[PDB]
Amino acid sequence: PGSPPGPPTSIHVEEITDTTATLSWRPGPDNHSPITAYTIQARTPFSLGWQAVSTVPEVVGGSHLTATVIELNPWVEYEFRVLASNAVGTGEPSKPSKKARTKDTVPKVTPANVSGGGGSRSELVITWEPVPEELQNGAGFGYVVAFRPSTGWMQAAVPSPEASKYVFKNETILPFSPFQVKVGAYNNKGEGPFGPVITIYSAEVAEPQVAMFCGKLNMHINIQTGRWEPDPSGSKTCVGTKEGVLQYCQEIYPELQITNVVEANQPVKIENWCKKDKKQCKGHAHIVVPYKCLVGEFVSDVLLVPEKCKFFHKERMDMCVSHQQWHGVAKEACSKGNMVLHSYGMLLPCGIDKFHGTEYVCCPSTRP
């Protein structure tokens, strides 16, 4: 006989971490039997309704208006409700707390069903099963692909949670040649583990670039010859905006679909610059950083990682910054490791010559 307690009210989230959540609550009516224990329940989009959770203390006594839930899933939206129990029974569940997501850590699972094969001429196709949302454990989720025909790994960061494929197109890929491949995941907090190395097979002259020097006709690369040639209209000199560089690319290579531009990572000595509006041109050499004309969908560069070296990548969704800035980030990130910047590439375009991240390789310095 008698009556169970009432439902508690005012479920607060006092503090929340990657696996824990501290809760406070107002005691409901006990109906004249002292409350003996409080129990907590939690609901997520992946929890099959409401489920019981563990706490520290293991049992929450009736004189406690606060406890901490443990063993929660990182990067998952949570809501909690408290139940009041006495010698008669267990009262009705409380109204849920305001939804709050647990904080993040590095992913712990590896991408499933890594595989590959097929594709078009001189391609290597790598595939995997995207990591489900509940197992991503954080924002900025992506994948790192590692493959090799050799001891150096070839690696690229693929910054898209739902990406399931990576296609390496390079003319040095032999047809139907064996490749070892492993894939791992990452997020804002760091790297996940790589999965097992498996074997896949591949499928059965110069890059478009423009260069500028104010007062002189723009130069561009001849894709076939590989030689630098002047502006075909004989009138266009340096442009004022990065979008202007993109437009000049599209004018110079009409057979291509130009979608972005980015500074080349190294300067090049270009011969035979000609002054604008000069009927006769005494050629001159100039060392400039040219702009690569990027085509089609953006694909992260593949970076060779010699076995002495290490592959890193950083991205941030809160800032969209330039190629020169990411270069300084990668370069300093490796002097702070007492190493040298070997190579680097842009991740995640967010504007014309502006990116959300960079990948880079760092090596010990070569000296006697």
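Numbers follow the displayed sequence, beginning with 1.
- According to the entry, the stretch of the deposited sequence that connects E204 to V205 contains 10 or more residues lacking coordinates, which leaves a long gap in the model.
- Unmodelled residues of the deposited sequence between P149 and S150: 1 to 3.
- Annotation for 257-265 versus 107-115: the higher mean temperature factor (C-alpha) is found in 107-115.
- A summary of the deposited B-factors shows that, of 175-183 and 207-215, the stretch with the larger mean C-alpha value is 175-183.
- When the C-alpha B-factors of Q136, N188, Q247, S94 are ranked from the entry, the top spot goes to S94.
- Highest C-alpha temperature factor among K169, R227, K279, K165 per the entry: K279.
- Residue-level temperature factors show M339 in the middle third of its chain, judged at the C-alpha atom.
- Per the PDB record, residue ranking by Cα B-factor puts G283 in the highest third of the chain.
- Among all modelled residues in its chain, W75 ranks in the highest third by Cα B-factor.
- In this PDB entry, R26 carries a Cα temperature factor that places it within the highest third of its chain's modelled residues.
- In this PDB entry, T44 carries a Cα temperature factor that places it within the highest third of its chain's modelled residues.
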